[PDB]
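The chain that follows stands alone, in the form deposited in one PDB entry, written as structure tokens.
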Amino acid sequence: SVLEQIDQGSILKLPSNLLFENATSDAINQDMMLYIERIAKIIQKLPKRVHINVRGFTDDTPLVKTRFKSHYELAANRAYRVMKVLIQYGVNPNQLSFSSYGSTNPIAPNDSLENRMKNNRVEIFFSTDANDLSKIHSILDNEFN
């Protein structure tokens, strides 16, 4: 459950085991509710303008023992589900959204369970829709360019 930063936002990386019973279903676990709740309470502590996008990923594991037809479908539902819980716990739907990246964005080699839980992680990306820099470039455009 590492936290990573990039120039455009903060990323909260959570493996499959911390949210679901397995990496190939949208079915959640026991400790789920308490952990998501913790993250929900934290989110609640951010500016009311910060956007929170819940992105889901999957390994490249063949879909058999499950019901889904794409790793995109699988990712969408898991992300959807985590987005719903965040809400059930108080986060504002207006600030939320969910996503799916399928299987083509791994974190590492799917050689060891641990790493495979990473590739089926949920990612909570935080950010905003800053447009000043763009607001400025535009103004200057019309006047000078």
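From 1 onward, residues are counted along the sequence shown. C-alpha atoms forming the largest set that superposes within 1.5 Å between two forms make up the rigid core.
Just so it is clear, the following notes concern the form deposited in another entry, a form of the same protein that is not shown.
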task: Might you check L63, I42, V50, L113 and identify the only one whose CA position changes by 2 Å or more between the shown form and the other one on rigid-core superposition?
output: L113
- request: Work out whether the Cα atoms of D129 and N94 come closer together or move farther apart in the other entry than they are in this form, the change being 3 angstroms or more.
  value: farther
task: Compare the CA separation of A76 and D129 in the other entry with the one in the displayed structure, and answer closer or farther (the difference is at least 3 Å).
output: farther
